[PDB]
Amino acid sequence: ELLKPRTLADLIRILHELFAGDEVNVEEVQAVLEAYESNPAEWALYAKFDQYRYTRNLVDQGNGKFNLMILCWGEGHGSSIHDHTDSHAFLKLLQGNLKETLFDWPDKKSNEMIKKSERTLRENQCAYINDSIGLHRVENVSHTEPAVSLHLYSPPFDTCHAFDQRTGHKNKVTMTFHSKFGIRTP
């Protein structure tokens, strides 16, 4: 039974219920994420920005089955074109807007990766991707407004691939946490 999360802490409690088992009801998880109305005071502790690139701030380690983190995107900060390592990936905007560009998996032949579509993700919206849907790039294209997003990955993963848009070639990268549970982790 899916109720509206009243606070971020309430959302986290609900997520622990939704991931108590071995499978994932994507539509339910996305609906509850969308229904939490971002309250900046509740997540300020995790919103630790870096001047030069976006940061990943761990909020909850889940039950072994999922990670929940907040990503903080300065003006003009963006990601690589990335996969998600055979995991579910949910992305909910907490502040600002992000552009999501979708790409197909490359062919073996070296070729430019042409976007299949793009969309603007707006405050409180929750998007979803997995490797069967494709690859994506996420960007804060704003010149004036930082963005903050809430990400849930299941299972957790700390490596993925970045893809060279000019060739489709991939390289494994390890993802690091800028902070964990509100504590900066250099």
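One-based numbering along the sequence shown.
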Between 63 to 71 and 39 to 47, point out the one with the higher average CA B-factor as the PDB entry records it.
63 to 71
23 to 31 or 145 to 153, whichever carries the higher mean Cα B-factor:
23 to 31
Just to confirm, going by the entry's C-alpha B-factors, which of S79, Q95, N111, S87 comes out highest?
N111
Top Cα B factor in the deposited entry, candidates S117, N140, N57, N130
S117
Among the chain's modelled residues, which third holds the C-alpha B-factor of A9?
middle
